[PDB]
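Participant: Could you have a look at this structure, given as structure tokens, before my questions?
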Amino acid sequence: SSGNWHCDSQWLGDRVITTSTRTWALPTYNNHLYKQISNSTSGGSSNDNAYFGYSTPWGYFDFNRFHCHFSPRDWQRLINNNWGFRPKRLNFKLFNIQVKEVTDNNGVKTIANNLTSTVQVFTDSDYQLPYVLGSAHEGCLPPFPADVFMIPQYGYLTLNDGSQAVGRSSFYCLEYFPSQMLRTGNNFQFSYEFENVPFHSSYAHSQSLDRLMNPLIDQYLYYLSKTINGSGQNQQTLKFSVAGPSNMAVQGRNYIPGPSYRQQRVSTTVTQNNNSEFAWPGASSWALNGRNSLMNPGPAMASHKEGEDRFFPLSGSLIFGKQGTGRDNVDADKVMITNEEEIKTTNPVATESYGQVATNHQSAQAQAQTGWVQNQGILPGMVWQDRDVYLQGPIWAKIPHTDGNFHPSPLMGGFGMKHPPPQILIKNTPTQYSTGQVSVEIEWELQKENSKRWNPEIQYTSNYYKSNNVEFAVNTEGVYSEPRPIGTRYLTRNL
Amino acid sequence: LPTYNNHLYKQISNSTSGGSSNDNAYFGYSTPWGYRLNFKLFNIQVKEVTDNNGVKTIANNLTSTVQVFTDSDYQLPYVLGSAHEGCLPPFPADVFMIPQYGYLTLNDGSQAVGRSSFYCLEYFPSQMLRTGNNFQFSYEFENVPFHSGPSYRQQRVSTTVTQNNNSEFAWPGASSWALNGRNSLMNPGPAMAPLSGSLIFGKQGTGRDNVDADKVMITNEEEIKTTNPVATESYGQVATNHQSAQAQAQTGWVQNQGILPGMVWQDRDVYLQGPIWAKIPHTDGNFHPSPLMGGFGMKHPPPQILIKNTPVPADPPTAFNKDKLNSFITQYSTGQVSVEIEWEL
Amino acid sequence: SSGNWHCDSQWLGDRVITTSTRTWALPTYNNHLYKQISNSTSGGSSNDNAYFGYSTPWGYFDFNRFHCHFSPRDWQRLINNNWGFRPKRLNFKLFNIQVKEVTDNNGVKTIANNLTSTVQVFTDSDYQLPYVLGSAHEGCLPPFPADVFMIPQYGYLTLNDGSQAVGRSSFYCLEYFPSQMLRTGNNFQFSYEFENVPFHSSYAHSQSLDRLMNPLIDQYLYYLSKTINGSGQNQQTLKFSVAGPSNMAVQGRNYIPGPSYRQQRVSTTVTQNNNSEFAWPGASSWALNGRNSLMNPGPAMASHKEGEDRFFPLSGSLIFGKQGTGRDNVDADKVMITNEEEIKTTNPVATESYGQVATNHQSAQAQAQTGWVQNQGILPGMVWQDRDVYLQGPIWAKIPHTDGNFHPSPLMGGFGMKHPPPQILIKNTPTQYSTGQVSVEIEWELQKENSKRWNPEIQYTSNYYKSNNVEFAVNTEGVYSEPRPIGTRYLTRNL
Amino acid sequence: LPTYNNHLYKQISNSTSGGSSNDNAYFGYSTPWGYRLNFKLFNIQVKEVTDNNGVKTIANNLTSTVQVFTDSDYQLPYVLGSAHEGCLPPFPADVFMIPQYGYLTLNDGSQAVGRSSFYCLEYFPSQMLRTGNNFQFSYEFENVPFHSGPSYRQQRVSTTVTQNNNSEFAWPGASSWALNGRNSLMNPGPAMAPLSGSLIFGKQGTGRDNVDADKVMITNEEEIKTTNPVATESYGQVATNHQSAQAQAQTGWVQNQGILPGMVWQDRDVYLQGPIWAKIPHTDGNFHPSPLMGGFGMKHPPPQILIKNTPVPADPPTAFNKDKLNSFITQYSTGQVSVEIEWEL
Amino acid sequence: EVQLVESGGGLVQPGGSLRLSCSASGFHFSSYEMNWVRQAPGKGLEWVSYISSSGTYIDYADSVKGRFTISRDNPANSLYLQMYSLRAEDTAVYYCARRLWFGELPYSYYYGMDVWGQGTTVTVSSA
Amino acid sequence: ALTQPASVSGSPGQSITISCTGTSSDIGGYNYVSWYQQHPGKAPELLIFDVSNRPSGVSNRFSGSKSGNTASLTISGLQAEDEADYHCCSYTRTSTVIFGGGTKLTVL
């Protein structure tokens, strides 16, 4: 018993230190082998779907999702009372490694303890492997500590032409890294330091960008108002008015909302949607070297306009699923769809245009032609809210090493980094499996509420409902299920 | 500095002001408060007005008071960046009136949403001043760069009226960005060398409405035309397909462009009637924070200064009554205002 | 100036600092006199309403209601994140005093500064006067800081037989107590330290008083299940059984619920109520020296059984009233009715019987007979919760100075104190009136929320639906309002 | 220490027992854990069970672990004051089964109000013990009185049946206390000189149901009767009216009397069968905290000690499946358990 | 994802009987009230009856009153309206609807009906 | 019950108002009213609850008012979608609800 079980999180000042410990089991993947994987084995029937990679015997740990580290009650304490948070320190333990041997006699099987066997664990602090923690994959430590989970098989991809490789394609043998070996008396740990990141905002603006003005006072700027004196011929004129609170649309402003890349709009009421199949044709994507890519979730934008819930961007928002939800073609009721409603103050609406521009020069004979702006990149003086993290969402991603980027903060939420928490790879040393314990710890620096608001806020609150079974708790069969996606943005600030 | 709203905070909304349309819709509150660097406030003179029968007799008030607080945590809504009227006068001898404070919060239609907030400026600590008391503070700006490309096209408008098309294109042709279902005019817009493109000051004597063109001063930025695209011009062309034997080379116009690596641009220019600073909204990200009406952007700009004439209650009835007191002595006050703004070249 | 304007709250660790500054206007009461007051002038048609006493010219300051010290937000902040609170220090400042003198010739009066007038204001720290603060009267500083209020008029009631006095009655002269005298250059400050008080319980027990048991195990205790074998003569027998999860009614419990005094039951649907004038005859009432008096609110008891919200105990509630409510015969929806149901776990329901007891002794010729226990006072082993405190309710009351008392906590709720915050009396000097400022401060100590509970709490929250006005805010006409009574029991503890 | 619920937290309720009475309805959970003052847990053993065909094989597993923590913060629900079976046995050579832990919470009927709580014991830090590891802690007792009148009348039942009434009056005749509308038999009640007010213990080997009088030990509290009232007799008499020239005096019986200033009473007598301590429900107020079943009531009673077999899975599959692992090696553990209590006389 | 769907019944004889049942899915059914309202084919809505979450208060508008009953099974998330002595005066689309609730503490009431059932047609005809 | 017109018509773009009048037990005394749009063969959808309060799903253009002994729905900016039958609902003195005959809105 080389280590103990640590789970509870303590709140101290401007810091949160949370700890989760999980019981794991590791199988033997690919029959102790590396195996090149391409699509032609799965059939790869399209060119967007082509890939080249290597499925390796190694396993790895992924704690990248929030509910690993926070209980739904301790997610509440965070979101109700705090404007911001961000990770500072990490601590990772792997201990009580216990390797078993499975004996098969006839059809029945007995399993026994294998003492000499070792487990190997190596973590990559030079980042010389392909980093797969950033795709929000399955296989992360379970949300409810009393569950026991199965480590995912490691793998990676690299270049291809069609399904075939190319002269620049790569091959990685994780065996060629130094690693540590552990018997039933050995534990493993290492500590980490997150690199400086911005606080993740967890608040909703108490103002909208277009309303920042004072309602009581005229501007001193003038705007073009009447270009005609009335009905008739050769009536042109130039008239000018004050920008004032009676007409607030035409006023001048210092800043303008975030960028947009439009989405298709899909209604939750099936009879309103078109009878055609727009799931792939309709979706907005981005083409890289002949391969299209669904734009998901996409740039940060509001989910829907005011008073229009029943609509959601087709690929603009994260979609989870309820416990027990099958893998393929599940019903709409089964999945949980998150919405960006809070950011509608500074961010454009996903299913809507950014705005208009003029397409010509007017003259005596030529009317003003305006047209819609579907996608708008960054202009100087834009302000935009990033996407909100959810209890179930990804924490960090790794910023792809490049000459340049803009606002590296990743699209599915959380914190971008050039040196994230390093990958942790593990294997059975070559009918053998192994179990153990994993206690991961993260430390979160907080940003407290300074607001002077007079009236009460909006809080995440459990309803006073009386039902068959309590929410965020196990049902009769012992299944622990999460009923809703919980966003981080409730409290308000001024804009 | 008059006495506003009878010392009341009053909800104001689109409906209260007549509710003309959704784009212009708003919801907010109004206040009795009015609103290197240095600032001083002194020579407090509190003048009670008395109307006996039909004539007005103005007297001093010795005991009566005035309040002030600076907002240095930027907790109240920041209204100083919208280019409102009421700025200090350009001619040093003028006696200027202090404009009222009020703010806009979240609204749906003329209604108020769940997150709509309410601020009681009484809930700030503030310095109370009798006739001989004074007030000052020293502000230190954060460090901004010295004052001296992408495009979002504007319609082209001419000062000769014959050239302009004979139709009402003031709003139909106006560039605008849509935010949560409301069209906001693009004004003045991204800085380019324009219907909404250039700042327009009204001349002295020029009124509120429908004034002619010779009565307003139209700035121009053309000084930037070496590094920037023209306001009304397409940024360029792009290829709209692939060439082949039967496919010609095909081009289409760029009516709007964003940033690219390799672009350079110059900003819009400060003017002597124009703004100095603006506040950078509090947001996870922004690009080129320099405000779009010209001048220097700041994440901790010069703080607001809020001032009211503390109400003096009128005579009350001799038998207790649980209601608030609505009857107050007509009153005002004045004094001097001195400010010092250093500059570096 | 003789003082500055301080309103705000500071949140430091377990401490809350509540700073309020209000502006008052005091007229002259009783034309500078003392006056006998009795029932016979106003008509005195009741022996229960018979009184004798004196109204004095002075005013007094009263901050004894919560909405003075806590903004609606800081109330919400306090309730959601804390398990208890209590006052520590008190700091009170009187400043910027002014005295206006009135001259009215025929129609129009003219009010001018009188600089040499004095204001007489003292604080009685030995509690020598009658102390009227613990009675929940009007005249406390307005919830909203911008509002100006009329300082109440002091007065007191001494003993009487009907309207007539008795020799043991008393007459207190507020002129007899040394009182600092203030001119427009004077400011009066004192401080106060709160005596030891228990933290207010601001949580709802998760488990009831009767479910404390383990559901999975039997008790070793035994109960009497059967007194006869079947149908016929001479079936007398004694059968026993284990107390177990099958029958939990009978399991032996350490603790039992608190006291009860039954209240009559009124429905908020007026057609379920009896067609008679039972408002006075029906209601519970206690009698003293031959004078009947209503029982209001009474011992702290749950308002209604679980699931029955149209019922409220006739006299047993704290019924506040909405902004603008009339004085007399206002409709039932003009008033706000508090409910204590959060205590229903520990405390009996007010409209139900506490239990039954057996009247006779059974024999062959007698059946075991039982009867309803209407009012049951303290028995050893009881546990109960006090009544809640609301944003609109009292803070403290003075414990009457008597031989003895049990559970000094006052029956309208709040913190009972033998030496509460002293009374502060003020007057104009002997047609003239004064106006000035008040800044009162209390320091509150907090009890932090310790819970390990997995699933999220009930929080107080502002409901999410578009409405004409923001709640806890001014209307268009300027009138501040408080939409509903906000108690403090939201978070939860185990029993 | 067997393995409970196959490593699962399970909601249990009234309908999950079949229910059918409202006064009996309940809702709650069940947990895989089992449950001066000095304590030590030493010489742990892990006994794994395989079944080949139908023969069971008990095998030493040296590698496996066992978990324990103590709750000194009373953050978990507390069942130890309810007189449950599963304590350390009376006979010092007996080997006993570690009982299951689970806790009831709020309900209405068999459903759960939003106020019901769910505690995950995996969420405390716990000390994991192998065979060589020992676990030890001490607990200090808070100041408590050395162990040595109001009445709520009980119905009187005779052990000579021909004296008893010829009808079924077990439930209909009993003194109860309704709480939230659920009738609750009053047991054991206040200390008095008792149909539902007497502690009753079973004789060795006694059955569970419908046992007759000879099988159980019915205690009696006659020893404390000198300063206490009779359980079957009314506390006294009172006047019901005013006498007059026309009105004879009248009296009435007192079936129950609350406390009055200057009452003295004795508490319930404790046995070597009965409980030691209880936990006072954390509340605004209580009176005479001494638990009605006897012993020492405390605000911080001795901690709870929770323990379970650390689950070791069976052989997981060869390709990753996100579902949790539901197949586990059969196992149960045993070891040495020593409690040491210092006493005052 | 809030779904009220009622099976109920079709054509039936005068003087006969019918049993309508509803199914609440996606929301906590035990907290809300539930209403039965009916819309005769050419006429506007009429409220037949309502039932409280705990079932303590069951009230009938008096047309039916005495000829129908209303029941709800909270563990089964199902509302029931059983009707006897049908007339032609009862032929309508019957809706399963619930009233506004906001998940707060007791003594809080909201007036309006939040979610509606898609309806079931009931034809009481002699021929 | 509550009396409201048989039908109302308006031209697109302009705001129009439906009213429903009731006795002092239904409306005049109590503040209970609520408004529903319905389309043929669709379950009604709530617009306005209480007097002026409105649910999250419902659009801006729908507001509500009570001038006393009467209640009124003001629709702004008429479109083709706005064509529907609008209903008036108010819990009575005896806490039993009543409706009104429904009013069809015809956008010309």
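Going by the structure tokens order, chains are called A, B, ..., each with residues numbered from 1, while ligands are numbered from 1 in the order shown.
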Restrict the calculation to only C-alpha atoms, then for each residue of chain E with any atom at most 12 Å from an atom of chain D give the closest atom pair and their distance in Å to one decimal, rows by chain and rising residue number, as JSON lines.
Facilitator:
```
{"residue": "E:28", "atom": "CA", "partner": "D:114", "partner_atom": "CA", "distance": 10.6}
{"residue": "E:29", "atom": "CA", "partner": "D:111", "partner_atom": "CA", "distance": 11.2}
{"residue": "E:30", "atom": "CA", "partner": "D:111", "partner_atom": "CA", "distance": 8.6}
{"residue": "E:31", "atom": "CA", "partner": "D:113", "partner_atom": "CA", "distance": 9.1}
{"residue": "E:53", "atom": "CA", "partner": "D:108", "partner_atom": "CA", "distance": 11.2}
{"residue": "E:54", "atom": "CA", "partner": "D:108", "partner_atom": "CA", "distance": 9.0}
{"residue": "E:73", "atom": "CA", "partner": "D:111", "partner_atom": "CA", "distance": 11.5}
{"residue": "E:74", "atom": "CA", "partner": "D:111", "partner_atom": "CA", "distance": 8.4}
{"residue": "E:75", "atom": "CA", "partner": "D:111", "partner_atom": "CA", "distance": 7.6}
{"residue": "E:76", "atom": "CA", "partner": "D:111", "partner_atom": "CA", "distance": 11.4}
{"residue": "E:77", "atom": "CA", "partner": "D:111", "partner_atom": "CA", "distance": 11.8}
{"residue": "E:103", "atom": "CA", "partner": "D:114", "partner_atom": "CA", "distance": 9.3}
{"residue": "E:104", "atom": "CA", "partner": "D:114", "partner_atom": "CA", "distance": 10.0}
{"residue": "E:105", "atom": "CA", "partner": "D:114", "partner_atom": "CA", "distance": 10.3}
```
Participant: Compute the chain D side of the contact with chain C at 6 Å, counting only C-alpha atoms, and hand it back as an mmCIF file with N, CA and C atoms, in the first residue's frame.
Facilitator:
```
data_model
loop_
_atom_site.group_PDB
_atom_site.id
_atom_site.type_symbol
_atom_site.label_atom_id
_atom_site.label_comp_id
_atom_site.auth_asym_id
_atom_site.auth_seq_id
_atom_site.Cartn_x
_atom_site.Cartn_y
_atom_site.Cartn_z
ATOM 1 N N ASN D 24 -45.312 4.611 7.039
ATOM 2 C CA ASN D 24 -44.089 3.841 6.904
ATOM 3 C C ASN D 24 -43.221 4.270 5.734
ATOM 4 N N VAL D 79 -26.214 7.032 11.903
ATOM 5 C CA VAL D 79 -27.202 6.021 12.262
ATOM 6 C C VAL D 79 -26.938 5.355 13.608
ATOM 7 N N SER D 82 -29.606 4.523 16.857
ATOM 8 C CA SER D 82 -30.917 3.939 16.614
ATOM 9 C C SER D 82 -31.080 2.522 17.157
ATOM 10 N N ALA D 83 -30.099 1.995 17.899
ATOM 11 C CA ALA D 83 -30.166 0.632 18.446
ATOM 12 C C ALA D 83 -30.169 -0.435 17.356
ATOM 13 N N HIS D 84 -29.184 -0.381 16.461
ATOM 14 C CA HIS D 84 -29.097 -1.363 15.391
ATOM 15 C C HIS D 84 -28.202 -2.540 15.756
ATOM 16 N N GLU D 85 -28.586 -3.704 15.235
ATOM 17 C CA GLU D 85 -27.818 -4.931 15.357
ATOM 18 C C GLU D 85 -26.578 -4.852 14.466
ATOM 19 N N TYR D 103 -28.288 5.489 4.416
ATOM 20 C CA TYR D 103 -28.918 6.555 5.171
ATOM 21 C C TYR D 103 -30.194 7.011 4.497
ATOM 22 N N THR D 105 -33.197 9.861 3.920
ATOM 23 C CA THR D 105 -33.222 11.289 3.690
ATOM 24 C C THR D 105 -34.676 11.717 3.539
ATOM 25 N N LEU D 106 -34.884 12.982 3.182
ATOM 26 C CA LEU D 106 -36.235 13.523 3.081
ATOM 27 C C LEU D 106 -36.992 12.919 1.917
ATOM 28 N N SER D 116 -33.503 16.544 -0.705
ATOM 29 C CA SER D 116 -32.805 15.308 -0.400
ATOM 30 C C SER D 116 -31.338 15.397 -0.793
ATOM 31 N N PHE D 118 -27.397 13.507 -1.235
ATOM 32 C CA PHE D 118 -26.705 12.287 -1.603
ATOM 33 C C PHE D 118 -25.217 12.451 -1.359
ATOM 34 N N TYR D 119 -24.676 11.641 -0.455
ATOM 35 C CA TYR D 119 -23.275 11.712 -0.069
ATOM 36 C C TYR D 119 -22.514 10.551 -0.687
ATOM 37 N N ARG D 153 -49.243 10.262 28.678
ATOM 38 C CA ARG D 153 -49.768 9.008 29.208
ATOM 39 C C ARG D 153 -49.693 7.885 28.181
ATOM 40 N N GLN D 155 -50.959 3.944 27.187
ATOM 41 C CA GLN D 155 -51.999 2.940 27.376
ATOM 42 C C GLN D 155 -51.464 1.727 28.138
ATOM 43 N N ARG D 156 -52.339 1.108 28.928
ATOM 44 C CA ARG D 156 -51.946 0.057 29.858
ATOM 45 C C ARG D 156 -52.354 -1.308 29.322
ATOM 46 N N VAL D 161 -53.644 -12.241 29.918
ATOM 47 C CA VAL D 161 -54.469 -11.891 28.777
ATOM 48 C C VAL D 161 -55.934 -11.733 29.160
ATOM 49 N N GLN D 163 -57.087 -10.275 31.323
ATOM 50 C CA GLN D 163 -57.242 -8.935 31.863
ATOM 51 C C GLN D 163 -57.322 -7.940 30.708
ATOM 52 N N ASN D 164 -56.703 -8.302 29.588
ATOM 53 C CA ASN D 164 -56.690 -7.468 28.389
ATOM 54 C C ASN D 164 -58.026 -7.431 27.651
ATOM 55 N N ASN D 165 -58.239 -6.344 26.915
ATOM 56 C CA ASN D 165 -59.449 -6.120 26.130
ATOM 57 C C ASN D 165 -59.575 -7.116 24.980
ATOM 58 N N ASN D 166 -60.797 -7.554 24.684
ATOM 59 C CA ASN D 166 -61.026 -8.488 23.584
ATOM 60 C C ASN D 166 -61.195 -7.790 22.226
ATOM 61 N N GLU D 168 -58.486 -5.772 18.841
ATOM 62 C CA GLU D 168 -57.129 -5.470 18.400
ATOM 63 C C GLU D 168 -56.839 -3.991 18.620
ATOM 64 N N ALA D 170 -53.544 -2.868 19.464
ATOM 65 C CA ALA D 170 -52.099 -2.650 19.409
ATOM 66 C C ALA D 170 -51.770 -1.250 18.893
ATOM 67 N N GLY D 173 -54.598 2.026 19.994
ATOM 68 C CA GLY D 173 -54.696 2.511 21.355
ATOM 69 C C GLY D 173 -53.482 3.266 21.841
ATOM 70 N N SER D 175 -50.250 5.948 22.219
ATOM 71 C CA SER D 175 -49.878 7.351 22.166
ATOM 72 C C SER D 175 -48.835 7.567 21.082
ATOM 73 N N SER D 176 -49.141 8.462 20.150
ATOM 74 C CA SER D 176 -48.273 8.703 19.010
ATOM 75 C C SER D 176 -47.982 10.190 18.906
ATOM 76 N N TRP D 177 -46.971 10.529 18.118
ATOM 77 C CA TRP D 177 -46.716 11.916 17.769
ATOM 78 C C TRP D 177 -46.609 12.075 16.265
ATOM 79 N N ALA D 178 -47.563 12.803 15.704
ATOM 80 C CA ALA D 178 -47.626 13.069 14.279
ATOM 81 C C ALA D 178 -46.616 14.140 13.917
ATOM 82 N N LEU D 179 -45.827 13.868 12.885
ATOM 83 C CA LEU D 179 -44.820 14.800 12.404
ATOM 84 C C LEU D 179 -44.926 14.859 10.891
ATOM 85 N N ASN D 180 -45.299 16.018 10.354
ATOM 86 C CA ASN D 180 -45.563 16.172 8.926
ATOM 87 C C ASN D 180 -46.695 15.257 8.478
ATOM 88 N N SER D 184 -46.468 8.604 14.368
ATOM 89 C CA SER D 184 -45.259 7.971 14.866
ATOM 90 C C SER D 184 -45.498 7.501 16.287
ATOM 91 N N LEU D 185 -45.450 6.192 16.478
ATOM 92 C CA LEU D 185 -45.570 5.620 17.803
ATOM 93 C C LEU D 185 -44.556 6.266 18.736
ATOM 94 N N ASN D 187 -42.012 6.080 21.350
ATOM 95 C CA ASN D 187 -41.158 5.042 21.882
ATOM 96 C C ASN D 187 -39.744 5.571 22.078
ATOM 97 N N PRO D 188 -39.097 5.252 23.204
ATOM 98 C CA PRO D 188 -39.591 4.728 24.476
ATOM 99 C C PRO D 188 -40.348 5.793 25.251
ATOM 100 N N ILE D 200 -37.477 -3.201 25.313
ATOM 101 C CA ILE D 200 -37.725 -4.633 25.319
ATOM 102 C C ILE D 200 -36.609 -5.303 24.538
ATOM 103 N N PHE D 201 -35.955 -6.271 25.155
ATOM 104 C CA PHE D 201 -34.867 -6.993 24.527
ATOM 105 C C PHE D 201 -35.299 -8.432 24.273
ATOM 106 N N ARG D 208 -37.847 -13.437 14.696
ATOM 107 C CA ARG D 208 -38.083 -12.075 14.230
ATOM 108 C C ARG D 208 -39.516 -11.600 14.424
ATOM 109 N N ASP D 209 -40.512 -12.436 14.131
ATOM 110 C CA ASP D 209 -41.888 -11.968 14.024
ATOM 111 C C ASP D 209 -42.830 -12.775 14.906
ATOM 112 N N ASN D 210 -43.791 -12.077 15.510
ATOM 113 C CA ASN D 210 -44.957 -12.669 16.167
ATOM 114 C C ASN D 210 -44.560 -13.596 17.317
ATOM 115 N N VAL D 211 -43.381 -13.348 17.852
ATOM 116 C CA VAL D 211 -42.897 -14.053 19.028
ATOM 117 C C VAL D 211 -43.839 -13.737 20.177
ATOM 118 N N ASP D 212 -43.918 -14.639 21.148
ATOM 119 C CA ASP D 212 -44.789 -14.373 22.276
ATOM 120 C C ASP D 212 -43.974 -13.855 23.453
ATOM 121 N N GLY D 258 -46.432 19.441 30.187
ATOM 122 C CA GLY D 258 -45.094 19.863 29.846
ATOM 123 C C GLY D 258 -44.326 20.294 31.073
ATOM 124 N N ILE D 259 -43.105 20.771 30.834
ATOM 125 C CA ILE D 259 -42.255 21.226 31.925
ATOM 126 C C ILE D 259 -42.885 22.438 32.584
ATOM 127 N N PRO D 281 -29.281 16.072 17.373
ATOM 128 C CA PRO D 281 -29.538 16.711 16.090
ATOM 129 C C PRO D 281 -29.169 18.178 16.185
ATOM 130 N N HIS D 282 -28.363 18.643 15.242
ATOM 131 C CA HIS D 282 -27.887 20.016 15.297
ATOM 132 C C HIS D 282 -29.092 20.898 15.050
ATOM 133 N N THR D 283 -29.410 21.758 16.012
ATOM 134 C CA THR D 283 -30.676 22.475 16.008
ATOM 135 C C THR D 283 -30.496 23.813 16.701
ATOM 136 N N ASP D 284 -31.499 24.675 16.528
ATOM 137 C CA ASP D 284 -31.551 25.925 17.276
ATOM 138 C C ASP D 284 -31.666 25.672 18.767
ATOM 139 N N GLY D 285 -32.572 24.793 19.168
ATOM 140 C CA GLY D 285 -32.709 24.500 20.578
ATOM 141 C C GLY D 285 -33.229 23.105 20.832
ATOM 142 N N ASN D 286 -32.895 22.610 22.020
ATOM 143 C CA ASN D 286 -33.401 21.355 22.552
ATOM 144 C C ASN D 286 -33.562 21.519 24.052
ATOM 145 N N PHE D 287 -34.257 20.577 24.675
ATOM 146 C CA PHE D 287 -34.371 20.589 26.123
ATOM 147 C C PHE D 287 -34.040 19.223 26.693
ATOM 148 N N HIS D 288 -33.130 19.211 27.667
ATOM 149 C CA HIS D 288 -32.638 18.023 28.349
ATOM 150 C C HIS D 288 -32.166 17.023 27.304
ATOM 151 N N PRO D 289 -31.000 17.258 26.720
ATOM 152 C CA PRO D 289 -30.539 16.481 25.562
ATOM 153 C C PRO D 289 -30.404 14.988 25.799
ATOM 154 N N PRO D 291 -30.664 11.363 25.734
ATOM 155 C CA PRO D 291 -31.479 10.623 24.771
ATOM 156 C C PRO D 291 -32.497 9.738 25.457
ATOM 157 N N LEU D 292 -33.715 9.754 24.923
ATOM 158 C CA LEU D 292 -34.802 9.031 25.560
ATOM 159 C C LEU D 292 -34.550 7.533 25.631
ATOM 160 N N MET D 293 -33.568 7.016 24.897
ATOM 161 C CA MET D 293 -33.189 5.622 25.073
ATOM 162 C C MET D 293 -32.017 5.434 26.025
#
```
Participant: Atom CA of residue A:418 and atom CA of residue A:394 are how many Å apart?
Facilitator: 16.0 Å
Participant: If you measure from atom CA of residue A:320 to atom CA of residue A:337, what distance in Å do you get, rounded to one decimal?
Facilitator: 6.4 Å
Participant: I need the contact residues of chain F against chain C, so if you could list those with any atom within 10 Å, counting only C-alpha atoms, and return them as a ChimeraX atom specification, that would help.
Facilitator: /F:29-31,48-58,60,63-64,93-96
Participant: Tell me, which residues of stretch 94-269 of chain D carry DSSP helix (DSSP H, G or I), written as a list in words?
Facilitator: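 Result set for stretch 94-269 of chain D (helix (DSSP H, G or I)): residues 121, 122, 123, 161, 162, 163, 213, 214, 215, 222, 223, 224, 225 and 226 of chain D.
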Participant: Please, which residues in chain C fall within 9 Å of chain A when counting only C-alpha atoms, and what is the closest atom pair and distance in Å to one decimal for each, ordered by chain then residue number, as a Markdown table?
Facilitator:
```
| residue | atom | partner | partner_atom | distance |
| --- | --- | --- | --- | --- |
| C:8 | CA | A:452 | CA | 8.5 |
| C:13 | CA | A:13 | CA | 8.2 |
| C:71 | CA | A:454 | CA | 6.1 |
| C:72 | CA | A:455 | CA | 5.3 |
| C:73 | CA | A:456 | CA | 4.2 |
| C:74 | CA | A:456 | CA | 7.8 |
| C:75 | CA | A:456 | CA | 8.0 |
| C:76 | CA | A:456 | CA | 6.1 |
| C:77 | CA | A:81 | CA | 8.2 |
| C:80 | CA | A:80 | CA | 8.9 |
| C:81 | CA | A:77 | CA | 8.0 |
| C:452 | CA | A:73 | CA | 8.3 |
| C:453 | CA | A:73 | CA | 6.7 |
| C:454 | CA | A:73 | CA | 5.5 |
| C:455 | CA | A:472 | CA | 5.3 |
| C:456 | CA | A:73 | CA | 4.4 |
| C:457 | CA | A:462 | CA | 5.7 |
| C:458 | CA | A:462 | CA | 4.7 |
| C:459 | CA | A:461 | CA | 4.8 |
| C:460 | CA | A:459 | CA | 7.0 |
| C:461 | CA | A:458 | CA | 5.1 |
| C:462 | CA | A:458 | CA | 5.3 |
| C:463 | CA | A:458 | CA | 7.4 |
| C:464 | CA | A:458 | CA | 7.9 |
| C:470 | CA | A:455 | CA | 8.2 |
| C:471 | CA | A:455 | CA | 7.0 |
| C:472 | CA | A:455 | CA | 5.5 |
| C:473 | CA | A:455 | CA | 6.8 |
```
